[PDB]
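Chains as they are written, first to last, in full-length UniProt numbering: chain D, 3 to 385; chain E, 3 to 385.
All C-beta atoms in this analysis are idealised placements derived from N, C-alpha and C, irrespective of residue type, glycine included.
This report concerns only the one structure given below.
Number of protein chains: 2
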Amino acid sequence: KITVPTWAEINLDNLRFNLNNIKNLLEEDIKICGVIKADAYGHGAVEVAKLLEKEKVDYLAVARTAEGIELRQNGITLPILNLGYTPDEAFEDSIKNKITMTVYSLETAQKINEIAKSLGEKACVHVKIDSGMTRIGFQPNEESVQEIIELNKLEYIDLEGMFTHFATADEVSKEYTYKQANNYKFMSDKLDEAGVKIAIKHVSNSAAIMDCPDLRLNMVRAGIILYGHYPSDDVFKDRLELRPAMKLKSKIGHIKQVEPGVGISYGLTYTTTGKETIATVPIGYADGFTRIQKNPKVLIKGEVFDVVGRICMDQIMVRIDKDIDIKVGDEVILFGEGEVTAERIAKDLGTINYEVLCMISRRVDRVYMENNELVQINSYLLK
Amino acid sequence: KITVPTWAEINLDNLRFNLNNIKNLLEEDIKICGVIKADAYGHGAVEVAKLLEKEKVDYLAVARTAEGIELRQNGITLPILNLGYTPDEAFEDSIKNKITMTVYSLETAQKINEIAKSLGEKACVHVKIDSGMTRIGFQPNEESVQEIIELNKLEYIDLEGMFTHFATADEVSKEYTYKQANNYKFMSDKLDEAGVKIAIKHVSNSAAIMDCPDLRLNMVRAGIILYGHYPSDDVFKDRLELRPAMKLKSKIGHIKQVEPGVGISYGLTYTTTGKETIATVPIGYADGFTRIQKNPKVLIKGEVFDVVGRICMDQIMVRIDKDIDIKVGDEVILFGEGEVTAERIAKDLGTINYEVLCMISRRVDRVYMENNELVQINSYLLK
């Protein structure tokens, strides 16, 4: 089966578990969007979507046209929303591929409308509101109320949805978040006033789903929690119980004994003290195991070990100070188990777990496990 | 043509320029191995090999079996070396695809042979000597020589080459490097003494190529210089002229004016002081524009601007203070031009230009320019 040295193992049961737990927090009538943007946060968008189809999620969310197109190429039938910007050049492909678009200007809706009209297709859109992330969206005002009314008028535009996103929900203070909600409420009340039916309204991310039950609306958007990681440590964790789905793994490729005072790797930034046992592992920075780390660690045979020297593009060196029966080809865990977590690496980096998950590079095959079985291998390099 | 928001643009003319100069440094006998591990350090391996084949390089190098196989699968016929570890699981595929394997043990060589025997195909190998980077390779001792002698005696092994790698060649002092060279010399002398023929002997990287003219053997391996970047700032730069080949480009997707005192993006880490023009660009950390950056910058319409806020997965915010005529849709350059360099980003990060080049995500399409013409677009996601 696995012919790569380094790979990412995704446990399907875990995803199933997480989602079901997610469901137990929701009333029968709240739609779930599974956010699988960025190759499903590194987990593999196509496979996750398949799973999400099996489990009857309502919506899928992507960041890019191609990302959605990818799923469609692989026979995904669920509804897809592109959470972000769609260049004019992609409008036509979006329509043809049934990618719901996000819009924050009437101008855009008009170009889209022109294209759909040409194709004799109604193009479906979701309107973003800027409630204070200040990233994309209509500003929450009367003009924008009018602009939206005009938008909804266009034929060849089906204004399915309206949504906003939250800056601060993962944090302890929800003041900004509720303030963000009112601004959305303002847009909602007004368009409703003007008789504009928007079928799906949604504002909640993972943190909001956990922390903020009064914010359901039509749909919620789950991202990180789907993969068994928390948004922050300040969310109400007891509310939702999670297993991480991913392990980053590798194999010992060389092991040897090194004399005292020998330097390792580029720059010779480490030297052995005494005779040391050194294992080389074929993962490096170009796999997404970043050189920036500083206190990089690995798990072998249940023991944590320090990565010594400079991390190379394709390789790392590890010191074996505990004594254990190891040999070339034994498995190594970079994160995903025990003490080695995406969270740990992230803290060391000063980034967030989301980035570390996303970091896994193209050449790392994604290997899928179900009921403790290898069920699927995906290469991004090979046919 | 380009339907993606964010792409990497590769100038072939630049690679050709870079190679030529490199070629200009060498005798009419010294082989070049084009080192294209990690998707050609991110520039797209297949396309880069194609060019390399066109300009007649001798050998190609990669980090993984699949990287080699990807090339083969794309019609590349040049000899390929996997500089790294090969798993047992991958031996059959290497033999079949004409991938030269690096070997640093007799035991692994026997295993290869046994496999080569059953396929009826001679398996071609290069032996790695550990001369002081302590990564992979034989220890340079007599016992090693003996084994190599033994190795060479195996039937479906063609021992084509021997090589080592340098830790500190990019440094001002070359004491370690020459020290490393001697160890190799030792191995090479002993083996000649034993009459083991060894067709290609090689040790030099880009740095050695530039500064260490005496270390050509049969072949030198060029990586970083091929892409028009320097291994370190301490090399003899003026001995080789380079143009960088890659540009990370995105497009403006939202512009707005922001009231004073208003927070942007995650955790509201930036607050607006007065009325500020803010552009939203569809690149983020999951494209490899890492969140880790303390001082992210972007260049638009000739001018550099600060990225403001925490970087998102797929999005950033840019503060436009100087006045220029900009329109949603206009191009944005993250790196590859002028003041915005990979080196800058690297310095900020605390890393090296090599990692930045590598960080480019799967979803960033690779766009190839020749003669000021777009000539090829590549999606890693579609088709």
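(message) Using 8 angstroms for Cβ pairs, my map puts E:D60 next to E:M221. What's the rounded Cβ distance?
(response) So it is a contact: roughly 7 angstroms between Cβ atoms.
(request) Express the C-alpha separation of D:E144 and D:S190 in angstroms, rounding to a whole number. (result) If I take the Cα positions, the gap works out to 12 angstroms.
(message) I'd like the span of the beta strand (DSSP E) that includes D:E305, first residue to last.
(response) In the DSSP assignment, D:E305 falls within the unbroken beta strand (DSSP E) covering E305 to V310.
(message) Could you compute how far the alpha carbon of E:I211 sits from the alpha carbon of E:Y186?
(response) Whole-angstrom Cα-Cα distance: 17 angstroms.
(request) Count the other CB atoms, across all protein chains shown, that sit within 10 Å of the CB of D:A201; report buried if there are 16 or more and exposed otherwise. (result) It counts as exposed.
(request) Could you name the residues of the segment 59-72 of chain D whose beta carbon sits closer than 9 angstroms to any beta carbon of chain A, in the order they occur along the chain? (result) This model lacks chain A altogether, as its protein chains are D and E.
(message) I need the DSSP call for residue 413 of chain D, collapsed to helix, strand or coil.
(response) Because chain D here runs from 3 to 385, residue 413 of chain D falls outside it and cannot be looked at.
(message) Can you pull out the residues from the segment 246-258 of chain D whose beta carbon lies closer than 8 angstroms to at least one beta carbon of chain E?
(response) Here the close residues are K253, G255, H256 and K258.
(message) Contact criterion: CB-CB distance below 7 angstroms. Does E:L359 meet it with respect to chain D?
(response) Contact of E:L359 with chain D is not assigned, every C-beta pair being separated by 7 angstroms or more.
(request) To the nearest angstrom, report how far apart D:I114 and D:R241 are at their CA atoms. (result) Straight-line Cα distance between these residues: approximately 41 angstroms.
(request) Determine the chain D residues that contact E:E91 at a beta-carbon separation under 7 angstroms, and present them in chain order. (result) Within chain D, the residues whose beta carbon sits less than 7 angstroms from that of E:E91 are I4 and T5, listed in sequence order.
(message) Run through the DSSP bridge pairs and tell me what D:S206 is partnered with.
(response) Per the DSSP secondary-structure output, D:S206 pairs in a beta bridge with D:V222.
(request) Tell me where the alpha helix (DSSP H) around D:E145 begins and ends. (result) Counting along the chain, the alpha helix (DSSP H) containing D:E145 begins and ends at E144 to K155.
(request) In angstroms with no decimal places, state the Cα-to-Cα distance between D:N207 and D:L217. (result) Between D:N207 and D:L217, the C-alpha separation is close to 10 angstroms.
(request) In the DSSP assignment, find the unbroken beta strand (DSSP E) run with D:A281 in it and report its ends. (result) Here the beta strand (DSSP E) through D:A281 covers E278 to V283.
(request) Would you tell me roughly how many angstroms separate the C-alpha atoms of E:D289 and D:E357, rounded to the nearest one? (result) Taking the straight line from one Cα to the other gives about 10 angstroms.
(message) If I measure Cβ to Cβ from D:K181 and keep anything under 6 angstroms in the same chain, skipping five residues before and after, which residues do I get?
(response) Taken in chain order, the list of residues that qualify is empty.
(request) Quick one: which residues of the segment 216-235 of chain E get their C-beta closer than 8 angstroms to a C-beta of chain D? List them in chain order. (result) Residues of the segment 216-235 of chain E with a C-beta less than 8 angstroms from any C-beta of chain D: none at all.
(message) Restricting to Cα atoms, I'd like to know which of E:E91, E:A111 and E:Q148 is closest to D:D332.
(response) By alpha-carbon distance to D:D332, the top candidate from E:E91, E:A111 and E:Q148 is E:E91.
(message) Relative to the C-alpha of D:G44, which candidate in D:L376, D:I362 and D:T271 has its C-alpha closest?
(response) For the residues D:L376, D:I362 and D:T271, the minimum Cα distance to D:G44 belongs to D:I362.
(message) Considering Cα atoms alone, identify which of D:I347, D:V330 and D:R312 is closest to E:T353.
(response) Of the candidates D:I347, D:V330 and D:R312, the one whose C-alpha sits nearest the C-alpha of E:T353 is D:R312.
(message) Please tell me whether E:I200 has its Cβ less than 7 angstroms away from any Cβ of chain D.
(response) No - not a single Cβ of chain D is within 7 angstroms of the one on E:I200.
(request) Assign D:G70 to one of three DSSP states: helix, strand, or coil. (result) Reduced to three states, the DSSP call for D:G70 is helix.
(message) Could you give the first and the last residue of the continuous alpha helix (DSSP H) run that contains E:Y370?
(response) Per DSSP, E:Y370 lies in no alpha helix (DSSP H); the unbroken beta strand (DSSP E) holding it starts and ends at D367 to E372.
(request) Output the distance between the C-alpha atoms of E:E109 and D:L85, rounded to the nearest integer angstrom. (result) Going by the C-alpha atoms only, they are around 53 angstroms apart.
(message) Taking a contact to mean a Cβ-Cβ separation below 7 angstroms, would you say E:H231 touches E:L219 in this structure?
(response) E:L219 is positioned such that its CB atom lies no closer than 7 angstroms to that of E:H231.
(request) Determine the direct distance from the alpha carbon of E:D15 to that of D:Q75, and round the result to whole angstroms. (result) Here the alpha carbons of E:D15 and D:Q75 stand approximately 34 angstroms from one another.
(request) Using three-state DSSP, classify D:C214 as helix, strand or coil. (result) Three-state result, D:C214: coil.
(message) For E:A344, report the span of its alpha helix (DSSP H) as first-last.
(response) The continuous alpha helix (DSSP H) containing E:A344 extends over residues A344 to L351.
(message) Tell me the rounded alpha-carbon separation between E:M248 and D:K296.
(response) Across the structure, E:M248 and D:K296 are spaced so that their CA atoms are roughly 28 angstroms apart.
(request) For the alpha helix (DSSP H) holding D:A111, just list the boundary residues, first then last. (result) Counting along the chain, the alpha helix (DSSP H) containing D:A111 begins and ends at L108 to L121.
(request) Figure out for me which residue from E:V260, E:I302, E:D132 and E:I101 has the closest Cα to the Cα of D:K258. (result) Selected option, being the one with the closest Cα: E:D132.
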